[PDB]
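For reference, the structure is listed below as structure tokens.
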Amino acid sequence: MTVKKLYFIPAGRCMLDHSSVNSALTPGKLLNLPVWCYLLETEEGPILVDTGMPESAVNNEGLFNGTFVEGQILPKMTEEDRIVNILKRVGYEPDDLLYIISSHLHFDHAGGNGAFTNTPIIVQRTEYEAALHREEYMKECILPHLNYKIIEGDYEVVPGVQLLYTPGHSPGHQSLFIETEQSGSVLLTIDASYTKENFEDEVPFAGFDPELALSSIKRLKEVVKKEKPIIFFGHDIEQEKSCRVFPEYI
Ligand SMILES: [Zn+2]
Ligand SMILES: [Zn+2]
């Protein structure tokens, strides 16, 4: 069985210093990077991958003023980018969803998790445990009473939807390998590589453990050598130019 439709859904944006996509660059220039969620229409029901930024980021570029990351992260989020609004426009309410998949619990990926109080939220144990104590993590991304479906390592969500454990960018980061009806094998690196250059050329980028992130890239390259998928990266301004986005699908 294959996934019926894979949708790339813009979920607002976020400014990061350009050293975030290339650690060798000298800090001083911000990049307006895309924030994504993905919607998978499957035989078993719709599945949402990531949930955008938290309510606190709405019309609040200075969210991280007063913190250890002041001026280094500026969310670009409007009321329209709240995940429930995104879903409502697409044609879903939170309780319609079969699963939420959290690639990781960074604020640009799990900020909307609180909206889903019934749907199982699939997240790596190592990411969940990290989010409990590491300072990067926002409280909005680790709410205690959500219906977490905690997994460890690789995992098949439904036929055609595979999670690949790719730690490094964050302690329990996971990527997706999807088989779609229209396109066949698709690799969503999520933040296992922000840009094509991080993947192909192994250019270092923002992450908790760069060494581990490299090994996760090498692991993904082995998958690619075997499966020859089309590959989409996490925060790639260049690639975004040519991405088929909602209402188009792959
Ligand atoms: Zn991240
Ligand atoms: Zn990210």
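Going by the structure tokens order, chains are called A, B, ..., each with residues numbered from 1, while ligands are numbered from 1 in the order shown.
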
Surroundings of ligand 1 up to 10 Å, based on only C-alpha atoms and all ligand atoms, as a list in words: residues 103, 104, 105, 106, 107, 108, 109, 110, 168, 169, 170, 173, 190, 191, 192, 193, 194, 206, 207, 208, 234 and 235 of chain A

Long-range neighbours of segment 82-99 of chain A as a PyMOL selection string, 12 Å cut-off, only C-alpha atoms, 5 positions minimum in chain: chain A and resi 7-13+35-59+76-77+108-123+147-149+157-158+161+246-248

As an mmCIF file with N, CA, C and O atoms, in the first residue's frame, please: the residues near residue 196 of chain A (cut-off 8 Å, only C-alpha atoms, same-chain neighbours under 3 positions excluded).
```
data_model
loop_
_atom_site.group_PDB
_atom_site.id
_atom_site.type_symbol
_atom_site.label_atom_id
_atom_site.label_comp_id
_atom_site.auth_asym_id
_atom_site.auth_seq_id
_atom_site.Cartn_x
_atom_site.Cartn_y
_atom_site.Cartn_z
ATOM 1 N N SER A 193 18.849 17.603 7.652
ATOM 2 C CA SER A 193 19.584 18.544 6.808
ATOM 3 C C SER A 193 18.674 19.730 6.510
ATOM 4 O O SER A 193 17.610 19.543 5.937
ATOM 5 N N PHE A 199 23.184 18.111 3.220
ATOM 6 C CA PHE A 199 23.072 16.692 2.935
ATOM 7 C C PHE A 199 24.171 16.202 1.988
ATOM 8 O O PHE A 199 25.011 15.390 2.377
ATOM 9 N N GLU A 200 24.164 16.712 0.756
ATOM 10 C CA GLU A 200 25.080 16.251 -0.293
ATOM 11 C C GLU A 200 26.537 16.545 0.048
ATOM 12 O O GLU A 200 27.398 15.670 -0.064
ATOM 13 N N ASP A 201 26.798 17.779 0.473
ATOM 14 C CA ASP A 201 28.159 18.242 0.701
ATOM 15 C C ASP A 201 28.558 18.188 2.167
ATOM 16 O O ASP A 201 29.683 18.543 2.524
ATOM 17 N N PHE A 233 14.371 18.811 1.881
ATOM 18 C CA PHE A 233 15.128 19.223 3.063
ATOM 19 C C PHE A 233 14.318 20.165 3.958
ATOM 20 O O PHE A 233 13.270 20.680 3.553
ATOM 21 N N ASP A 236 15.020 24.950 3.397
ATOM 22 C CA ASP A 236 15.829 25.200 2.192
ATOM 23 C C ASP A 236 15.150 26.235 1.304
ATOM 24 O O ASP A 236 14.206 25.930 0.566
ATOM 25 N N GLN A 239 15.453 25.233 -2.542
ATOM 26 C CA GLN A 239 14.552 24.136 -2.910
ATOM 27 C C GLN A 239 13.088 24.571 -2.828
ATOM 28 O O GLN A 239 12.283 24.201 -3.677
#
```

Per-residue DSSP, segment 137-190 of chain A, filtered to strand (DSSP E), as number ranges by chain: A: 148-151, 155-158, 161-165, 174-180, 184-190

Output N, CA and C atoms of each residue in that selection to a file, as a PDB file, in the first residue's frame.
```pdb
ATOM      1  N   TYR A 148       0.783  11.129  24.004  1.00  0.00           N
ATOM      2  CA  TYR A 148       2.037  10.751  23.383  1.00  0.00           C
ATOM      3  C   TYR A 148       2.077   9.279  23.074  1.00  0.00           C
ATOM      4  N   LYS A 149       2.551   8.979  21.872  1.00  0.00           N
ATOM      5  CA  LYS A 149       2.892   7.614  21.485  1.00  0.00           C
ATOM      6  C   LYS A 149       4.394   7.584  21.312  1.00  0.00           C
ATOM      7  N   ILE A 150       5.058   7.215  22.404  1.00  0.00           N
ATOM      8  CA  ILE A 150       6.499   7.303  22.475  1.00  0.00           C
ATOM      9  C   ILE A 150       7.107   6.089  21.797  1.00  0.00           C
ATOM     10  N   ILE A 151       7.977   6.341  20.824  1.00  0.00           N
ATOM     11  CA  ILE A 151       8.621   5.246  20.091  1.00  0.00           C
ATOM     12  C   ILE A 151      10.133   5.301  20.259  1.00  0.00           C
ATOM     13  N   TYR A 155      10.366   3.076  12.821  1.00  0.00           N
ATOM     14  CA  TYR A 155       8.972   2.746  13.105  1.00  0.00           C
ATOM     15  C   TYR A 155       8.108   2.892  11.863  1.00  0.00           C
ATOM     16  N   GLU A 156       7.233   1.917  11.627  1.00  0.00           N
ATOM     17  CA  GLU A 156       6.247   2.005  10.556  1.00  0.00           C
ATOM     18  C   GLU A 156       4.947   2.502  11.141  1.00  0.00           C
ATOM     19  N   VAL A 157       4.512   3.668  10.681  1.00  0.00           N
ATOM     20  CA  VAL A 157       3.313   4.293  11.227  1.00  0.00           C
ATOM     21  C   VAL A 157       2.069   3.604  10.644  1.00  0.00           C
ATOM     22  N   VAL A 158       1.995   3.575   9.310  1.00  0.00           N
ATOM     23  CA  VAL A 158       1.019   2.820   8.528  1.00  0.00           C
ATOM     24  C   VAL A 158       1.785   2.408   7.254  1.00  0.00           C
ATOM     25  N   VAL A 161       4.406   4.706   5.202  1.00  0.00           N
ATOM     26  CA  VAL A 161       4.896   5.787   6.076  1.00  0.00           C
ATOM     27  C   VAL A 161       5.903   5.242   7.094  1.00  0.00           C
ATOM     28  N   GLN A 162       7.187   5.491   6.842  1.00  0.00           N
ATOM     29  CA  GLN A 162       8.261   4.961   7.686  1.00  0.00           C
ATOM     30  C   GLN A 162       8.980   6.107   8.391  1.00  0.00           C
ATOM     31  N   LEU A 163       9.243   5.933   9.678  1.00  0.00           N
ATOM     32  CA  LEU A 163      10.041   6.890  10.427  1.00  0.00           C
ATOM     33  C   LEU A 163      11.457   6.341  10.534  1.00  0.00           C
ATOM     34  N   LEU A 164      12.429   7.202  10.257  1.00  0.00           N
ATOM     35  CA  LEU A 164      13.831   6.834  10.316  1.00  0.00           C
ATOM     36  C   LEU A 164      14.477   7.655  11.412  1.00  0.00           C
ATOM     37  N   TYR A 165      15.050   6.976  12.393  1.00  0.00           N
ATOM     38  CA  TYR A 165      15.691   7.646  13.512  1.00  0.00           C
ATOM     39  C   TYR A 165      16.967   8.364  13.037  1.00  0.00           C
ATOM     40  N   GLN A 174      13.773  12.645  14.055  1.00  0.00           N
ATOM     41  CA  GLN A 174      13.429  11.576  13.113  1.00  0.00           C
ATOM     42  C   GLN A 174      12.978  12.127  11.767  1.00  0.00           C
ATOM     43  N   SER A 175      13.326  11.394  10.705  1.00  0.00           N
ATOM     44  CA  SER A 175      13.019  11.747   9.325  1.00  0.00           C
ATOM     45  C   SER A 175      11.942  10.807   8.823  1.00  0.00           C
ATOM     46  N   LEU A 176      11.409  11.094   7.639  1.00  0.00           N
ATOM     47  CA  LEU A 176      10.344  10.269   7.082  1.00  0.00           C
ATOM     48  C   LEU A 176      10.723   9.711   5.741  1.00  0.00           C
ATOM     49  N   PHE A 177      10.434   8.434   5.556  1.00  0.00           N
ATOM     50  CA  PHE A 177      10.507   7.826   4.244  1.00  0.00           C
ATOM     51  C   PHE A 177       9.099   7.401   3.842  1.00  0.00           C
ATOM     52  N   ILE A 178       8.599   8.013   2.777  1.00  0.00           N
ATOM     53  CA  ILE A 178       7.217   7.849   2.374  1.00  0.00           C
ATOM     54  C   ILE A 178       7.112   7.254   0.969  1.00  0.00           C
ATOM     55  N   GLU A 179       6.193   6.310   0.781  1.00  0.00           N
ATOM     56  CA  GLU A 179       5.904   5.803  -0.556  1.00  0.00           C
ATOM     57  C   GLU A 179       4.555   6.367  -0.978  1.00  0.00           C
ATOM     58  N   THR A 180       4.561   7.222  -1.997  1.00  0.00           N
ATOM     59  CA  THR A 180       3.307   7.801  -2.492  1.00  0.00           C
ATOM     60  C   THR A 180       2.857   7.194  -3.817  1.00  0.00           C
ATOM     61  N   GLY A 184       6.193   7.553  -5.880  1.00  0.00           N
ATOM     62  CA  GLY A 184       7.024   6.506  -5.295  1.00  0.00           C
ATOM     63  C   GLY A 184       7.779   6.985  -4.069  1.00  0.00           C
ATOM     64  N   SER A 185       9.063   6.647  -3.991  1.00  0.00           N
ATOM     65  CA  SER A 185       9.840   6.886  -2.775  1.00  0.00           C
ATOM     66  C   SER A 185      10.192   8.352  -2.567  1.00  0.00           C
ATOM     67  N   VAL A 186       9.829   8.864  -1.397  1.00  0.00           N
ATOM     68  CA  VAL A 186      10.093  10.250  -1.016  1.00  0.00           C
ATOM     69  C   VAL A 186      10.803  10.264   0.330  1.00  0.00           C
ATOM     70  N   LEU A 187      11.925  10.976   0.416  1.00  0.00           N
ATOM     71  CA  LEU A 187      12.617  11.150   1.702  1.00  0.00           C
ATOM     72  C   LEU A 187      12.446  12.576   2.186  1.00  0.00           C
ATOM     73  N   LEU A 188      11.763  12.736   3.314  1.00  0.00           N
ATOM     74  CA  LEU A 188      11.689  14.035   3.973  1.00  0.00           C
ATOM     75  C   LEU A 188      12.736  14.037   5.067  1.00  0.00           C
ATOM     76  N   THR A 189      13.844  14.737   4.838  1.00  0.00           N
ATOM     77  CA  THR A 189      14.918  14.749   5.829  1.00  0.00           C
ATOM     78  C   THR A 189      14.482  15.443   7.109  1.00  0.00           C
ATOM     79  N   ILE A 190      13.471  16.301   6.989  1.00  0.00           N
ATOM     80  CA  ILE A 190      13.189  17.307   8.000  1.00  0.00           C
ATOM     81  C   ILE A 190      14.505  17.949   8.382  1.00  0.00           C
TER      82      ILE A 190
END
```

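Residues in contact with segment 130-135 of chain A at up to 8 Å, not including ones fewer than 3 positions away on its chain and judged by only C-alpha atoms, are residues 105, 126, 127, 138, 141, 142, 171 and 172 of chain A.
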
Minimum-distance residue to ligand 2, chosen among A:33, A:1, A:101, A:25 (using only C-alpha atoms and all ligand atoms): A:33

Filtered DSSP result for segment 70-217 of chain A, state helix (DSSP H, G or I), as a ChimeraX atom specification: /A:79-81,83-90,94-96,107-110,113-115,125-131,139-141,196-200,210-217

Residue contacts of residue 24 of chain A (9 Å, only C-alpha atoms) excluding same-chain residues fewer than 5 positions away, as a PyMOL selection string: chain A and resi 19+203-205

Dump of N, CA, C and O atoms for the selected residues, as a PDB file, in the first residue's frame:
```pdb
ATOM      1  N   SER A  19      24.429  31.502   9.667  1.00  0.00           N
ATOM      2  CA  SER A  19      25.314  30.473  10.211  1.00  0.00           C
ATOM      3  C   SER A  19      24.545  29.219  10.636  1.00  0.00           C
ATOM      4  O   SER A  19      25.155  28.184  10.918  1.00  0.00           O
ATOM      5  N   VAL A 203      27.823  19.989   4.637  1.00  0.00           N
ATOM      6  CA  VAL A 203      28.058  21.288   5.246  1.00  0.00           C
ATOM      7  C   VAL A 203      27.406  21.309   6.632  1.00  0.00           C
ATOM      8  O   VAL A 203      26.200  21.052   6.755  1.00  0.00           O
ATOM      9  N   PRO A 204      28.205  21.588   7.682  1.00  0.00           N
ATOM     10  CA  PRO A 204      27.674  21.627   9.049  1.00  0.00           C
ATOM     11  C   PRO A 204      26.599  22.699   9.214  1.00  0.00           C
ATOM     12  O   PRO A 204      26.615  23.709   8.516  1.00  0.00           O
ATOM     13  N   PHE A 205      25.666  22.455  10.128  1.00  0.00           N
ATOM     14  CA  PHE A 205      24.528  23.341  10.364  1.00  0.00           C
ATOM     15  C   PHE A 205      24.077  23.220  11.822  1.00  0.00           C
ATOM     16  O   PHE A 205      24.609  22.395  12.561  1.00  0.00           O
TER      17      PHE A 205
END
```

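The neighbours of residue 32 of chain A here are the residues that come within 12 Å of it, using only C-alpha atoms and leaving out any residue fewer than 5 positions away in the same chain; they are residues 12, 13, 14, 15, 16, 17, 18, 20, 21, 61, 72, 73, 74, 75, 76, 77, 235, 236, 237, 238 and 240 of chain A.
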
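As for atom CA of residue 26 of chain A and atom CA of residue 241 of chain A, they are spaced 24.9 Å apart.
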
Residue nearest residue 4 of chain A among A:182, A:102, A:242, A:195 (counting only C-alpha atoms): A:182

Separation of atom CA of residue 209 of chain A from atom CA of residue 137 of chain A in Å: 15.5 Å

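Interatomic distance, atom CA of residue 136 of chain A to atom CA of residue 78 of chain A: 22.5 Å.
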